[PDB]
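Student: My sequence and its experimental structure, below.
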Amino acid sequence: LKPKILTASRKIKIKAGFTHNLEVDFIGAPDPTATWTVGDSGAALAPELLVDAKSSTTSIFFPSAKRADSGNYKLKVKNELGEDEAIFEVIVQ
């Protein structure tokens with residue numbers, strides 16, 4: 001079950017000081033690992049918002065989005081030998 005990620009996710013126009021709802025999907029199993037990074041040297045976007053993820057998909061939250069949230073939300077999901085990645089350019093104004 002290698003992680004067929006399809007989330008196209010291009011960008012994410014979020015208003016500074018607001019809540020966003022990021023979504024993604026990928027066929028991985030029996031237990032893939034999808035890291036939700038903010039594109040910045042392995043940067044992670046956990047402490048800058050909320051994040052959730054499922055074995056065959058994933059979606060993360062930005063109920064605490066702020067101006068600094070403007071970054072490159074890069075996510076990578078793999079599984080044993082399968083691997084996939086979705087680029088999410090997130091901006092905040």
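Tutor: Yep, it's here. Numbering: from 1, shown residues only.

Student: so what strands line up beside the helix or strand that contains residue 86?
Tutor: Here residue 86, judged by DSSP states H and E, is contained in strand 82-92. Here strand 82-92 is paired, per DSSP bridges, with strand 11-14 (parallel), strand 71-79 (antiparallel).

Student: I'd like those strands written out as JSON lines, with mean neighbour count added.
Tutor: Every residue, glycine included, has its C-beta placed from N, CA and C. Supplementary listing: these in JSON lines, determined by neighbours: other CB atoms under 10 Å:
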{"stretch": "strand 11-14", "mean neighbour count": "16"}
{"stretch": "strand 71-79", "mean neighbour count": "22"}
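
Student: Which of the ones you listed sits closest to residue 32?
Tutor: Closest to residue 32 of these is strand 71-79 (CB to CB; 3.6 Å).

Student: Residues contacting that closest one, please?
Tutor: 1-3, 5, 7, 9, 12, 22, 24, 26, 28-40, 43, 45, 48, 53, 58, 60, 83-90 (CB atoms under 8 Å, 6 or more residues apart in numbering).

Student: just checking, which of those belong to strands?
Tutor: Counted as lying in strands by DSSP state E, out of those, are 5, 12, 22, 24, 26, 33-37, 53, 58, 60, 83-90.

Student: Tell me the bridge partners for the closest residue to residue 56 other than its chain neighbours.
Tutor: Nearest residue to residue 56, sequence neighbours excluded (CB to CB, 6 or more residues apart in numbering): residue 27, at 5.3 Å. Taking DSSP bridges as the rule, residue 27 bridges to residue 4.

Student: List the residues that contact residue 27.
Tutor: Here residue 27 is in contact with 1-4, 56 (CB under 8 Å, 6+ apart).

Student: do the same with residue 80
Tutor: Residue 80 touches residue 2, counting by CB under 8 Å, 6+ apart.
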